[PDB]
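As written, the chains take the letters A, B, C, D, E and F, and residue 1 is the first residue of each chain.
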Amino acid sequence: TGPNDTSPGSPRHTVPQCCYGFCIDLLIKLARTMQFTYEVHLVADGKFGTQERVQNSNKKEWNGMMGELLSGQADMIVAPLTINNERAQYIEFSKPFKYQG
Amino acid sequence: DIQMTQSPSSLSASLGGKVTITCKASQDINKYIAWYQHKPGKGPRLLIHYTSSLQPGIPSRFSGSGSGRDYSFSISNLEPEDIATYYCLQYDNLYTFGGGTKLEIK
Amino acid sequence: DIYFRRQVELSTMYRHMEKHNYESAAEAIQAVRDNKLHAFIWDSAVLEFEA
Amino acid sequence: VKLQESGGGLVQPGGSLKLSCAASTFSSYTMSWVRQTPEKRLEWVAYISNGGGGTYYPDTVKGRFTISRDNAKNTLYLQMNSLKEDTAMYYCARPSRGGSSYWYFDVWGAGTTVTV
Amino acid sequence: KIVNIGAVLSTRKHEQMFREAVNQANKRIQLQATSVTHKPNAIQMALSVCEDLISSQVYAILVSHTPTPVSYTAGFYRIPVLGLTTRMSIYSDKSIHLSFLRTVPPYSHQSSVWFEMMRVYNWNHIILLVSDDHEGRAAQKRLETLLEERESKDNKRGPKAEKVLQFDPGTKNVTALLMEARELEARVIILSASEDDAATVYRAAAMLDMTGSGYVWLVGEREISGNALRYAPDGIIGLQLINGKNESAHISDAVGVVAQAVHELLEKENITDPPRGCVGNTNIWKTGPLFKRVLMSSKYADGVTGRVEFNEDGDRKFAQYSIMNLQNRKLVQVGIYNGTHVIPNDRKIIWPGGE
Amino acid sequence: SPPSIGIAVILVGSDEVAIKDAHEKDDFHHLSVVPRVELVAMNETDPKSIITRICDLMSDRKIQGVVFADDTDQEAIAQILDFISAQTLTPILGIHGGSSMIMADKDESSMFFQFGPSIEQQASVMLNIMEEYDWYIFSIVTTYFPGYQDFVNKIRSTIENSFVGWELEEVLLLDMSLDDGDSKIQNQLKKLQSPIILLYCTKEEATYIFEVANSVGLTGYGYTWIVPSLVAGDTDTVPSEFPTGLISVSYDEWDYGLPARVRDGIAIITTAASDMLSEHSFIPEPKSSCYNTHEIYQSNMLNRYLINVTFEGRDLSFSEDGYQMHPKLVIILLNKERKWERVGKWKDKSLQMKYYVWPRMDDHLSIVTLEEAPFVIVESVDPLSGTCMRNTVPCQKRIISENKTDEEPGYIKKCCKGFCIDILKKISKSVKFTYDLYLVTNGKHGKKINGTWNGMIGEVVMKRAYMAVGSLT
């Protein structure tokens, strides 16, 4: 389920697109192994998730992808998402696919 | 603007009689009243405030009662240096005035 | 942006980074080949494929 | 502080006579003045605030009258046009407690006439 | 030992039992208790605070049922004020009125009665519906503060997680929140709002078939009302207070627990006195904070309602409980509880849609 | 053509003549409604007299709004006003004294507004003051006003933004524990190892606690104390326990003055009522009495109209919490001869002050340097903050100008980086130092001409309490 922001400025028209690659194949194997019914919809903006103090107050919400994990828009993140100290405060990770820098 | 009409036309009384003149406006005034008296060619003299509050130098000969938009103002025990004519004032919009009456002595 | 702002000793370096950042991975990769951007910082698992 | 009128006349029937009333503090004090009928009625003529605004009349003399004031010389200015059926006396009255509002004057003028 | 305690009460015979309870406490020092006539349109009642303050020897004012302005007027006036209708919590709270002291837990109660129920039934997931009010923020803060069970070192599979909603006081918009709550995996609903909000939700789970077998509700006190308890579905579990209707039992231990503070304070030094009735400005009786200190560390006039120990805010630390389960059309009391000794039941729970 | 509304002004404590004359020349014609003033003086200022005067005037007169003033320092006046406004659904503007002290958490249906700064704008101007000398925020709060929780969450709130250069927050929260034996409130003041200490408190407990600060050794020589408006806002009097100057913000020291403030409030009320009659063609009918309650929805519309007022050049609008947006602020010093002498200036972002250096600051050194390649690098300042984060120096460069005015040690403090500055920052902690770092002006570093020396050695031979770090062989 592609974004509404198919041309990443103003307009909002969501369309079915199709994806494939590394994480898609690994999701295929994990879903065949663990009995998963699944849908895949892309992210809102494309900014990988970070923390900032928003709404000129004492509130810090999480932008981007990781906020959609915190707000209940999804339940798994299968993407190149790094392991940090700031994300691992309250988001459980796994043994990490790869090793890079 | 709102306009007023006093009534009626006469203060026909003897020496020490009793007369009463009515502030009658077209709209609710909330006891917005004043009262003046003058000779022909001399100039007015203040009588009455909100609660018929008289003036220092003005005797207790003048009283009145009424509310809302209709008010009555009574004069009694009149000595004829007050050969005058009595007038009511409203100030809901900028100022308001009606007719008013003149005093004669019989 | 989290790793650079966490470190204080690299802070001046971070102060040079605020005026040139990009929004997507492909944007900076195309902008390097147009000589507007002499260097780029990202993961090895994307840069080793792109080179 | 005392009020003294001047500029009395109706030498043209249907003309225009800019009358005035000088004062001797009147700058924070509004103005409205009075003609007198043959029934001696103290009918209103015009309305100004203390600050020159709020230029109004009652329905008797609307449509003909040009209005101003000067708080430096403590004077009013208004030309009389539709008093042409009256042998009126006009006086000035300075309403007490000042302001652009109105309250009850004892501070009236002296009284001068306008005769056609 | 002729000191005064003012009071404002609802009806006439409450003053009779008030003076009789003062005569009961007279076996200790002798006392006043002149008292006057609760009135409507209470700014006149804010007028008649110093119809009672005319005695300098008044040291406590007792108030019953409205958040009354006497806490503002007679709080200048560092005079500790006791009451029994602080269920609407906001004027006994952290916007610190320096003169209040409760005799009853609020509507936004210490919600551990829910939190202690979960270890009875091993529940781990909570959908928490909360209205947009000061009550809702108080309940939210208390139930989030009740997460100190994680410091060991036993149900760590889940204490309680899921999410909360916001629920503005509107009539139509109940459907969207419950439609979104239908999708989640949690099946336990805790709803703590007003009785008109209970009369607002009122059928919306039944139209979505979120009643019956699938779900378990743990509602607060204000679902038991003539418009709300008529329309709650079968199997709702509600709470109900022990007291707060027999106010004589409150007022007897109230005059006992203020008389003990009077005896404790009379043996001390620098007993400065309050002013003589509403005279002017800067009337700050300097022994007022000392009165709050000696009252806040006191035990209870035990014998009628059980031992009540006041906290830093002024709560009771008292076992507040009675669970009413809804059978076919009537509420039933099911068990006997405590602050800690929740000794579960002696009857059978009729769970909704499958029993 | 304009009708009237009723506005009552009440003064407690002088010259009702200056207040009368100032407004009664304000011609509110050219507006759709015109006012109706009524002066009433009082001297008791107890709660019962306040209610029995206010609703007495409500019962006698068709009162639209009330402009309240005072000459006391009792804050609990305002809550009483905040009590009655929602009780009467009529606007009340507290313009002086205890009516002008800020009350947090107002009621939802209240229509009470105050002339004064917010509790967060005072912290913002307290940061803008400390951004002249790059000082370090160390806030302590002992008493517990209702305006506490906003203060720390507004003072944090900028230290994590950008280009900060700010030290840690060794904060100390205390309370009103009535316990004399708890002497750790005396003992924890040794944990304030900082030259700058913020103190948000009340006047009486500050009068107590400055004796304690003298007892521990927080004297006025090595430390300063920046203190908000509610402690020392009483411009007339001062207790004897304050050798602790640079108190913070107040309003403009004589409240434009008090009758101008009265005229501004009258203009505010009449402009809002004129806007409501221009937009919805009906004014609120006045209240019957403080007894009768039953026979308002339009008061919320009046609340929406009262907070978007504008007059001849003064946007006098209000926020949701009852304070002003723009208003004029001053900065006060304290005068070891026990006066209050400083008239500083702050307006809506900007601050303008005196001397460009703080008086009353031997281990204070002047140090003169020189710009070159990578030993002492001079760069410009940030256009949002003025100060320098990693560069950590003033480098107060002087300007050579026309020969009719002196030089500029208030020229903007250009940041210096490089090798010798990093050496100096170690030598400061090595012994004990204090910089007064500045550049040479004649540009004649290391030169001896016939008779004399110039440049850095030129400021060495002139005995100007110097070092000369930089590139110098």
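Quick note on the criterion: contacts are C-beta pairs under 8 Å (C-beta built on N, C-alpha and C of every residue); 3 or more make two chains touch, one makes a residue touch a chain.
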{"item": "Chain of greatest Cα-centre distance to chain F", "value": "B"}
{"item": "Centrality ranking, top chain (CA atoms only)", "value": "F"}
{"item": "Approximate Å spacing (C-alpha centroids) for the pair chain D, chain F", "value": "52"}
{"item": "Geometric centre distance via CA averages, chain F-chain E, whole Å", "value": "41"}
{"item": "Interchain centroid distance [CA atoms averaged], chain B/chain D, Å", "value": "21"}
{"item": "Geometric centre distance via CA averages, chain E-chain A, whole Å", "value": "45"}
{"item": "Residues within chain F bordering two or more other chains", "value": "1-2, 4"}
{"item": "Numbers and ranges of chain C residues touching at least 2 other chains", "value": "none"}
{"item": "Overlap residues in chain D, where contacts from two or more other chains coincide", "value": "54, 56, 101"}
{"item": "Chains that touch, pairwise", "value": "A-C, A-F, B-D, B-F, C-F, D-F, E-F"}
{"item": "Chain F - residues contacting chain A, complex", "value": "153, 157, 160"}
{"item": "Chain C to chain A touching residues, read off their complex", "value": "1-3, 23-24, 43-46"}
{"item": "Chain F contact footprint on chain B (complex, rising order)", "value": "1, 30, 92-94"}
{"item": "Chain E residues touching chain F - in the complex, by the definition given at the top", "value": "41, 43-44, 46-47, 50, 69, 72-73, 76, 95-96, 278-283, 289-290, 293"}
{"item": "Partner chain C, residues of chain F touching it in the complex", "value": "163, 389-390"}
